[PDB]
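Engineer: Quick one: the structure is below, and I'll ask about it shortly.
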Amino acid sequence: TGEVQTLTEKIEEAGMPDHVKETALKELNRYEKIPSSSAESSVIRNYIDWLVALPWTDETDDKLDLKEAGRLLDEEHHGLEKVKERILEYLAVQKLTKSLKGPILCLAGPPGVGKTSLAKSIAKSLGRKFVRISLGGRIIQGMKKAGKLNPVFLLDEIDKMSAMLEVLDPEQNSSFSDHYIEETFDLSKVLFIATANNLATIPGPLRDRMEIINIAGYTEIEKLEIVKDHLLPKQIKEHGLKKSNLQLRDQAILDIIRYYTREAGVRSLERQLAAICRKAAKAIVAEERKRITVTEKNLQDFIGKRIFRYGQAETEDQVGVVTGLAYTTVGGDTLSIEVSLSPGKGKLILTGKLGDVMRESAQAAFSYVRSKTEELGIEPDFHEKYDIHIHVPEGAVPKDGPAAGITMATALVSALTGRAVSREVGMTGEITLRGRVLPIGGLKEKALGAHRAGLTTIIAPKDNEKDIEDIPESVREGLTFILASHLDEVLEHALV
Amino acid sequence: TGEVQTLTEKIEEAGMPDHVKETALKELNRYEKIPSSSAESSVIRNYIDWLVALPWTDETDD
Ligand SMILES: Nc1ncnc2c1ncn2[C@@H]1O[C@H](COP(=O)(O)OP(=O)(O)O)[C@@H](O)[C@H]1O
């Protein structure tokens with residue numbers, strides 16, 4: 001007998017068609033079964049097995065029925081309306097181009113918005129097997145974990161990297177190589193997808209090889225529903241217990257959000273849910289009570305005391321201190337710029353991000369007040385006998401640096417004129433020497449996160465109005481958008 | 001038999017004319033097929049293949 005058949009037999013199997021390989025196959029095969037398992041006989045010994053799984057024949061046969069899919073996406077993700085409309089485009093388009101084409105997409109946005117899930121779900125629809133392949137530091141493995149050559153790889157994180165192009169280049173991806181196994185391989189039918197946050201670290205080379213989709217974040221409204229129709233049941237079922245075991249009243253869910261999560265995704269949200277799913281169960285086993293109802297009063301008896309503040313029931317107006325809406329890699333955020341007055345020379349030194357991008361803007365809001373002075377109420381003998389300190393907290397992403405113009409401006413004035421920025425207002429906008437207010441980036445996410453921390457008024461660029469259209473109903477409804485074109489406009493509304 | 005021919009054969013092939021190279025060719029070739037695929041026998045093992053494709057006479061009638 002001998003194991004000279006156990007392998008060989010399944011080798012000539014229907015699996016393993018291509019002969020370009022079978023050469024190298026029986027080659028290292030008819031090798032040295034002579035002699036026993038020497039230190040040598042253990043080597044190539046294994047080389048054969050990795051080689052046995054690498055799919056060839058098999059390959060999911062695919063179903064592409066939009067009427068479903070599009071509304072299977074609506075079974076496992078709440079909102080993302082616009083993001084789906086673009087997953088289907090990537091299919092209705094697929095169906096025609098019978099062979100998947102180079103442009104493979106990256107999903108981008110704050111973590112916890114569903115990037116990973118959308119993928120799994122893209123694949124559920126295509127009935128291809130799905131594989132996560134983390135790139136925090138090798139497709140080699142990939143296929144194996146799916147012994148079916150028509151998969152969906154999800155290059156999870158391409159941006160926590162320290163060049164691989166070869167693997168995706170439409171021209172080359174067809175013929176695929178890999179050391180320690182050197183032999184071409186066909187990846188024709190392989191739906192590739194990428195996750196990502198800070199679109200920077202991604203290599204320019206790659207970002208062009210790939211088509212991008214942005215998942216955005218979520219309105220209180222949205223989250224809430226995500227909690228009710230997906231998040232909760234999922235955690236219930238996962239902490240093994242019944243829907244009849246624990247229910248949380250809407251208002252409490254809202255509370256969990258406003259007060260224990262200031263994220264744009266829903267990861268923190270999920271975690272606090274579980275907190276309860278957990279607390280819940282220990283009851284169900286001991287007390288045995290078949291039901292547990294967490295309410296807006298109970299909440300503390302589950303997830304602790306409040307964690308973030310929401311609104312102005314606490315804060316109270318300040319001087320030379322404005323709250324600018326900035327575009328963090330992780331959503332809208334509320335970084336506050338400050339300005340301080342110490343005797344000296346016209347020089348101005350700023351802190352925080354070293355910012356060479358900032359100085360330009362700073363010494364412009366500066367170079368504005370330089371002009372229109374008495375007109376603003378401030379001793380013209382100032383740039384001559386004061387020294388101004390500015391602090392611009394890190395977070396805003398590169399493109400959006402100059403979007404803090406009207407902010408530093410507003411502060412520098414509020415600081416010089418002993419006035420006071422209205423704690424309620426959040427602002428964003430680029431400044432010019434003359435005092436012009438130029439267009440800004442991502443007003444959507446900005447006001448989204450402006451609402452999250454619960455501000456009232458949100459001063460922004462006039463030439464940005466056609467951007468308010470796409471701001472989700474719920475938030476555009478709790479905000480009074482003051483639009484402006486020159487400082488004085490901003491100053492009049494943000495100071496008191 | 002042994003794979004002592006699978007490669008060698010296609011080496012003396014019409015492909016691989018220039019002799020300035022063939023030296024370094026059969027050189028690292030008549031190397032150490034002795035012994036088995038040791039941690040060593042995997043090294044130069046491949047060095048030969050990259051060398052097999054590199055063109056030497058395939059001119060495209062312009
Ligand atoms: N819109 C959404 N619908 C359903 N689940 C969501 C949604 N957004 C986030 N989640 C949570 O995350 C999982 C899928 O999203 P997730 O992968 O966490 O976002 P990320 O991809 O950044 O982690 C779900 O199991 C759920 O816990």
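Residues are named by chain letter and number: chains run A, B, ... in the order of the structure tokens, numbers start at 1 in each chain, and ligands are numbered from 1 in the order shown.
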If we count only C-alpha atoms, which residues of chain B reach to within 12 Å of chain A? Please list them as a PyMOL selection string.
Structural biologist: chain B and resi 1-7+35-43+45-47+49-50
Engineer: Would you mind exporting N, CA, C and O atoms of the selected residues as an mmCIF file, in the first residue's frame?
Structural biologist:
data_model
loop_
_atom_site.group_PDB
_atom_site.id
_atom_site.type_symbol
_atom_site.label_atom_id
_atom_site.label_comp_id
_atom_site.auth_asym_id
_atom_site.auth_seq_id
_atom_site.Cartn_x
_atom_site.Cartn_y
_atom_site.Cartn_z
ATOM 1 N N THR B 1 16.125 8.794 -14.273
ATOM 2 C CA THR B 1 15.589 10.013 -14.869
ATOM 3 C C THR B 1 16.048 11.249 -14.098
ATOM 4 O O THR B 1 17.061 11.860 -14.437
ATOM 5 N N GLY B 2 15.299 11.608 -13.059
ATOM 6 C CA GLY B 2 15.606 12.784 -12.263
ATOM 7 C C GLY B 2 15.389 14.063 -13.046
ATOM 8 O O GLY B 2 15.551 14.082 -14.266
ATOM 9 N N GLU B 3 15.017 15.133 -12.352
ATOM 10 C CA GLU B 3 14.813 16.423 -13.003
ATOM 11 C C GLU B 3 16.137 17.028 -13.447
ATOM 12 O O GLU B 3 16.250 18.239 -13.641
ATOM 13 N N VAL B 4 17.140 16.171 -13.606
ATOM 14 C CA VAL B 4 18.449 16.592 -14.078
ATOM 15 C C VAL B 4 18.425 16.816 -15.586
ATOM 16 O O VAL B 4 19.447 17.137 -16.191
ATOM 17 N N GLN B 5 17.251 16.643 -16.186
ATOM 18 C CA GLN B 5 17.089 16.824 -17.625
ATOM 19 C C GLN B 5 15.988 17.826 -17.951
ATOM 20 O O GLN B 5 16.120 18.623 -18.880
ATOM 21 N N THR B 6 14.904 17.779 -17.183
ATOM 22 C CA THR B 6 13.764 18.661 -17.402
ATOM 23 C C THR B 6 14.217 20.080 -17.717
ATOM 24 O O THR B 6 13.675 20.734 -18.609
ATOM 25 N N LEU B 7 15.219 20.548 -16.982
ATOM 26 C CA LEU B 7 15.758 21.885 -17.186
ATOM 27 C C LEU B 7 16.886 21.852 -18.204
ATOM 28 O O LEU B 7 16.786 22.451 -19.276
ATOM 29 N N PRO B 35 22.766 17.547 -2.830
ATOM 30 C CA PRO B 35 21.834 16.440 -2.635
ATOM 31 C C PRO B 35 20.407 16.837 -2.978
ATOM 32 O O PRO B 35 20.170 17.585 -3.925
ATOM 33 N N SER B 36 19.466 16.331 -2.190
ATOM 34 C CA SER B 36 18.055 16.647 -2.367
ATOM 35 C C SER B 36 17.812 18.148 -2.239
ATOM 36 O O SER B 36 18.754 18.942 -2.227
ATOM 37 N N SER B 37 16.544 18.528 -2.137
ATOM 38 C CA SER B 37 16.174 19.930 -2.007
ATOM 39 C C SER B 37 16.475 20.466 -0.613
ATOM 40 O O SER B 37 15.567 20.854 0.123
ATOM 41 N N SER B 38 17.753 20.486 -0.254
ATOM 42 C CA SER B 38 18.180 21.063 1.012
ATOM 43 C C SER B 38 17.766 22.526 1.062
ATOM 44 O O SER B 38 17.321 23.084 0.060
ATOM 45 N N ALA B 39 17.909 23.143 2.229
ATOM 46 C CA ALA B 39 17.658 24.571 2.357
ATOM 47 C C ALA B 39 18.518 25.307 1.339
ATOM 48 O O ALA B 39 18.185 26.408 0.905
ATOM 49 N N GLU B 40 19.625 24.681 0.960
ATOM 50 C CA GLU B 40 20.522 25.232 -0.045
ATOM 51 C C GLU B 40 19.973 24.957 -1.441
ATOM 52 O O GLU B 40 19.939 25.843 -2.292
ATOM 53 N N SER B 41 19.536 23.720 -1.659
ATOM 54 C CA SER B 41 19.104 23.262 -2.979
ATOM 55 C C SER B 41 17.858 23.975 -3.494
ATOM 56 O O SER B 41 17.393 23.705 -4.602
ATOM 57 N N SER B 42 17.316 24.880 -2.688
ATOM 58 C CA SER B 42 16.155 25.658 -3.096
ATOM 59 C C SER B 42 16.594 27.018 -3.627
ATOM 60 O O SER B 42 15.866 27.670 -4.377
ATOM 61 N N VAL B 43 17.797 27.434 -3.237
ATOM 62 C CA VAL B 43 18.329 28.742 -3.608
ATOM 63 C C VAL B 43 18.557 28.869 -5.111
ATOM 64 O O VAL B 43 17.637 29.187 -5.865
ATOM 65 N N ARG B 45 18.455 26.987 -7.188
ATOM 66 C CA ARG B 45 17.411 26.222 -7.860
ATOM 67 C C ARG B 45 16.605 27.104 -8.807
ATOM 68 O O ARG B 45 16.372 26.738 -9.957
ATOM 69 N N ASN B 46 16.201 28.271 -8.318
ATOM 70 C CA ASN B 46 15.332 29.171 -9.069
ATOM 71 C C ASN B 46 16.114 30.116 -9.970
ATOM 72 O O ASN B 46 15.685 30.424 -11.079
ATOM 73 N N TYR B 47 17.259 30.575 -9.472
ATOM 74 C CA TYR B 47 18.155 31.467 -10.205
ATOM 75 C C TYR B 47 18.270 31.065 -11.676
ATOM 76 O O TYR B 47 18.497 31.908 -12.544
ATOM 77 N N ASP B 49 15.820 29.543 -13.611
ATOM 78 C CA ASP B 49 14.598 29.788 -14.377
ATOM 79 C C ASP B 49 14.453 31.227 -14.885
ATOM 80 O O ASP B 49 14.211 31.434 -16.075
ATOM 81 N N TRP B 50 14.587 32.216 -14.000
ATOM 82 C CA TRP B 50 14.558 33.617 -14.431
ATOM 83 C C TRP B 50 15.465 33.730 -15.641
ATOM 84 O O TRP B 50 15.227 34.513 -16.549
#
Engineer: Using only C-alpha atoms, which residues sit within 9 Å of residue 358 (chain A) once same-chain residues fewer than 3 positions away are excluded, as a PyMOL selection string?
Structural biologist: chain A and resi 350+353-355+361-363+392+401-402+404-405
Engineer: Residues within 8 Å of ligand 1, counting only C-alpha atoms and all ligand atoms: report them as a ChimeraX atom specification.
Structural biologist: /A:76-80,109-118,195,223,226-227,230-231,234,265-267,270
Engineer: I'd like the contact shell of region 22-29 of chain B - 10 Å cut-off, only C-alpha atoms, skipping same-chain residues fewer than 2 positions apart - returned as a PyMOL selection string.
Structural biologist: chain B and resi 4+7-8+11-12+16-20+31-33+44-45+47-48+51-52
Engineer: Which residues are near region 364-366 of chain A? Cut-off 7 Å, only C-alpha atoms, ignore same chain within fewer than 3 positions. Put them as a VMD selection string.
Structural biologist: chain A and resid 360 to 361 369 to 370 405 408 to 409 431 to 433
Engineer: With N, CA and C atoms retained, could you export that selection as a compact mmCIF listing (two decimals), in the first residue's frame?
Structural biologist:
# COMPACT_ATOMS: atom_id res chain seq x y z
N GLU A 360 0.09 80.67 6.53
CA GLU A 360 -0.47 81.39 5.40
C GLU A 360 -1.84 81.92 5.76
N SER A 361 -2.74 81.04 6.15
CA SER A 361 -4.09 81.45 6.53
C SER A 361 -4.08 82.38 7.74
N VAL A 369 -7.65 92.06 9.65
CA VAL A 369 -7.74 93.01 10.75
C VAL A 369 -6.69 94.13 10.63
N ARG A 370 -5.53 93.80 10.07
CA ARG A 370 -4.54 94.83 9.77
C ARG A 370 -5.24 96.00 9.11
N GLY A 405 -9.89 79.38 8.31
CA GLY A 405 -9.71 80.81 8.16
C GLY A 405 -10.68 81.67 8.96
N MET A 408 -9.99 81.15 12.97
CA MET A 408 -8.90 81.96 13.54
C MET A 408 -9.22 83.46 13.47
N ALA A 409 -9.76 83.89 12.34
CA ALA A 409 -10.14 85.28 12.22
C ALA A 409 -11.05 85.65 13.37
N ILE A 431 -10.17 81.91 4.36
CA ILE A 431 -10.08 83.35 4.41
C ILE A 431 -9.15 83.82 3.32
N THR A 432 -9.35 85.05 2.85
CA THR A 432 -8.40 85.73 1.98
C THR A 432 -8.04 87.12 2.51
N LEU A 433 -6.88 87.62 2.11
CA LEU A 433 -6.40 88.93 2.55
C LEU A 433 -7.51 89.96 2.65
Engineer: Skipping near chain neighbours, those fewer than 6 positions away, what residues fall within 10 Å of region 53-63 of chain A using only C-alpha atoms, listed as an MDAnalysis selection string?
Structural biologist: chainID A and resid 14:18 69 95 125:129 140:151 185:186 189
Engineer: Could you list, as a count of residues only, every residue within 10 Å of residue 423 (chain A), counting only C-alpha atoms and ignoring same-chain residues fewer than 5 positions away?
Structural biologist: 15
Engineer: Rank nothing, just name the residue among A:487, A:200, A:106, A:335 nearest to residue 376 (chain A), using only C-alpha atoms.
Structural biologist: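 Closest to residue 376 (chain A), using only C-alpha atoms: A:487.
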Engineer: Which residue is closest to residue 172 (chain A)? Choose from A:225, A:466, A:410, A:102 and count only C-alpha atoms.
Structural biologist: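 The closest residue to residue 172 (chain A) is A:102.
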Engineer: Could you list, as a PyMOL selection string, every residue within 6 Å of region 440-449 of chain A, counting only C-alpha atoms and ignoring same-chain residues fewer than 4 positions away?
Structural biologist: chain A and resi 325+332-333+403+429+471
Engineer: Quick one: distance from CA of residue 421 (chain A) to CA of residue 338 (chain A) in Å, one decimal?
Structural biologist: 10.8 Å
Engineer: Hey, can you check how far CA of residue 482 (chain A) sits from CA of residue 413 (chain A)?
Structural biologist: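 According to the coordinates, CA of residue 482 (chain A) and CA of residue 413 (chain A) are separated by 18.9 Å.
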Engineer: According to DSSP computed on the backbone, where in region 10-41 of chain B is there alpha helix (DSSP H)? Give the residues as a list in words.
Structural biologist: residues 10, 11, 19, 20, 21, 22, 23, 24, 25, 26, 27, 28 and 29 of chain B
Engineer: When DSSP works through the backbone of this structure, what residues of region 315-468 of chain A end up as strand (DSSP E), shown as an mmCIF file with N, CA and C atoms, in the first residue's frame?
Structural biologist:
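Ended up saving to part25.cif:
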data_model
loop_
_atom_site.group_PDB
_atom_site.id
_atom_site.type_symbol
_atom_site.label_atom_id
_atom_site.label_comp_id
_atom_site.auth_asym_id
_atom_site.auth_seq_id
_atom_site.Cartn_x
_atom_site.Cartn_y
_atom_site.Cartn_z
ATOM 1 N N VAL A 321 -12.152 82.720 21.319
ATOM 2 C CA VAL A 321 -12.222 81.272 21.266
ATOM 3 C C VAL A 321 -13.425 80.758 20.484
ATOM 4 N N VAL A 322 -13.165 80.311 19.275
ATOM 5 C CA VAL A 322 -14.203 79.877 18.370
ATOM 6 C C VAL A 322 -14.213 78.346 18.202
ATOM 7 N N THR A 323 -15.359 77.791 17.877
ATOM 8 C CA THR A 323 -15.484 76.362 17.691
ATOM 9 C C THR A 323 -15.639 76.039 16.204
ATOM 10 N N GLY A 324 -14.558 75.644 15.542
ATOM 11 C CA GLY A 324 -14.613 75.356 14.117
ATOM 12 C C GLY A 324 -14.984 73.918 13.836
ATOM 13 N N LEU A 325 -15.832 73.692 12.833
ATOM 14 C CA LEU A 325 -16.130 72.338 12.357
ATOM 15 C C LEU A 325 -15.056 71.850 11.398
ATOM 16 N N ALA A 326 -14.434 70.716 11.711
ATOM 17 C CA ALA A 326 -13.295 70.242 10.952
ATOM 18 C C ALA A 326 -13.542 68.852 10.456
ATOM 19 N N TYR A 327 -12.852 68.486 9.390
ATOM 20 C CA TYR A 327 -13.038 67.184 8.783
ATOM 21 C C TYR A 327 -11.966 66.161 9.219
ATOM 22 N N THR A 328 -12.189 65.487 10.346
ATOM 23 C CA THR A 328 -11.281 64.451 10.810
ATOM 24 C C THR A 328 -11.431 63.202 9.973
ATOM 25 N N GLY A 331 -14.586 61.713 10.919
ATOM 26 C CA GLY A 331 -15.883 62.354 10.842
ATOM 27 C C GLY A 331 -15.863 63.826 11.140
ATOM 28 N N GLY A 332 -17.032 64.392 11.346
ATOM 29 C CA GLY A 332 -17.085 65.770 11.751
ATOM 30 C C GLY A 332 -16.597 65.837 13.173
ATOM 31 N N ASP A 333 -15.805 66.855 13.478
ATOM 32 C CA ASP A 333 -15.356 67.074 14.841
ATOM 33 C C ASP A 333 -15.404 68.563 15.161
ATOM 34 N N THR A 334 -15.231 68.890 16.430
ATOM 35 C CA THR A 334 -15.460 70.234 16.930
ATOM 36 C C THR A 334 -14.220 70.759 17.658
ATOM 37 N N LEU A 335 -13.179 71.071 16.897
ATOM 38 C CA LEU A 335 -11.932 71.528 17.465
ATOM 39 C C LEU A 335 -12.050 73.006 17.720
ATOM 40 N N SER A 336 -11.551 73.455 18.857
ATOM 41 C CA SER A 336 -11.682 74.845 19.224
ATOM 42 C C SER A 336 -10.359 75.565 19.054
ATOM 43 N N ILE A 337 -10.357 76.655 18.288
ATOM 44 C CA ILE A 337 -9.200 77.526 18.152
ATOM 45 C C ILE A 337 -9.176 78.620 19.219
ATOM 46 N N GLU A 338 -8.002 78.918 19.777
ATOM 47 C CA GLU A 338 -7.844 79.960 20.800
ATOM 48 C C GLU A 338 -6.807 81.017 20.404
ATOM 49 N N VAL A 339 -6.960 82.237 20.909
ATOM 50 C CA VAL A 339 -5.957 83.283 20.712
ATOM 51 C C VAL A 339 -5.602 84.083 21.999
ATOM 52 N N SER A 340 -4.319 84.362 22.233
ATOM 53 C CA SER A 340 -3.910 84.997 23.481
ATOM 54 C C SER A 340 -3.080 86.229 23.218
ATOM 55 N N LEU A 341 -3.238 87.228 24.068
ATOM 56 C CA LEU A 341 -2.595 88.504 23.831
ATOM 57 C C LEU A 341 -1.512 88.810 24.841
ATOM 58 N N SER A 342 -0.274 88.847 24.365
ATOM 59 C CA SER A 342 0.852 89.250 25.186
ATOM 60 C C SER A 342 1.610 90.357 24.483
ATOM 61 N N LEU A 348 3.667 86.824 15.203
ATOM 62 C CA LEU A 348 2.635 85.940 15.747
ATOM 63 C C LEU A 348 3.108 84.508 15.706
ATOM 64 N N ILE A 349 3.152 83.864 16.860
ATOM 65 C CA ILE A 349 3.604 82.496 16.893
ATOM 66 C C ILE A 349 2.411 81.633 17.219
ATOM 67 N N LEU A 350 2.233 80.553 16.470
ATOM 68 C CA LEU A 350 1.121 79.643 16.703
ATOM 69 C C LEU A 350 1.551 78.249 17.166
ATOM 70 N N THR A 351 0.662 77.574 17.887
ATOM 71 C CA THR A 351 0.978 76.301 18.509
ATOM 72 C C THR A 351 0.179 75.166 17.884
ATOM 73 N N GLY A 352 0.309 73.972 18.441
ATOM 74 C CA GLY A 352 -0.393 72.828 17.901
ATOM 75 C C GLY A 352 0.338 72.317 16.684
ATOM 76 N N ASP A 387 1.520 90.809 20.809
ATOM 77 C CA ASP A 387 2.056 89.569 20.244
ATOM 78 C C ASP A 387 0.974 88.505 20.358
ATOM 79 N N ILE A 388 0.482 88.025 19.220
ATOM 80 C CA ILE A 388 -0.689 87.153 19.213
ATOM 81 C C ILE A 388 -0.371 85.661 19.102
ATOM 82 N N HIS A 389 -0.957 84.880 20.011
ATOM 83 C CA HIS A 389 -0.766 83.433 20.049
ATOM 84 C C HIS A 389 -2.021 82.708 19.592
ATOM 85 N N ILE A 390 -1.873 81.800 18.636
ATOM 86 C CA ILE A 390 -2.990 81.035 18.116
ATOM 87 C C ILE A 390 -2.765 79.534 18.312
ATOM 88 N N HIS A 391 -3.836 78.810 18.601
ATOM 89 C CA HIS A 391 -3.776 77.381 18.795
ATOM 90 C C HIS A 391 -4.789 76.737 17.861
ATOM 91 N N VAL A 392 -4.315 75.925 16.924
ATOM 92 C CA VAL A 392 -5.207 75.179 16.049
ATOM 93 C C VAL A 392 -5.083 73.668 16.211
ATOM 94 N N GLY A 426 -20.897 77.069 15.474
ATOM 95 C CA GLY A 426 -19.751 76.376 14.928
ATOM 96 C C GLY A 426 -19.531 76.930 13.543
ATOM 97 N N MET A 427 -18.283 77.196 13.173
ATOM 98 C CA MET A 427 -18.009 77.800 11.881
ATOM 99 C C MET A 427 -16.918 77.117 11.082
ATOM 100 N N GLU A 430 -12.685 79.318 4.469
ATOM 101 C CA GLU A 430 -11.363 79.799 4.068
ATOM 102 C C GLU A 430 -11.288 81.329 3.946
ATOM 103 N N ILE A 431 -10.172 81.905 4.364
ATOM 104 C CA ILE A 431 -10.081 83.353 4.412
ATOM 105 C C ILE A 431 -9.148 83.825 3.323
ATOM 106 N N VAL A 437 -14.566 85.082 1.899
ATOM 107 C CA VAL A 437 -14.811 83.724 2.406
ATOM 108 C C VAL A 437 -15.017 82.695 1.282
ATOM 109 N N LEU A 438 -13.960 81.935 0.996
ATOM 110 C CA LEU A 438 -13.948 80.968 -0.095
ATOM 111 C C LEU A 438 -14.560 79.633 0.312
ATOM 112 N N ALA A 460 -21.057 79.178 7.639
ATOM 113 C CA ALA A 460 -20.168 78.618 6.609
ATOM 114 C C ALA A 460 -20.173 79.456 5.318
ATOM 115 N N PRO A 461 -19.291 79.119 4.368
ATOM 116 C CA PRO A 461 -19.175 79.849 3.107
ATOM 117 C C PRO A 461 -20.479 79.969 2.328
#
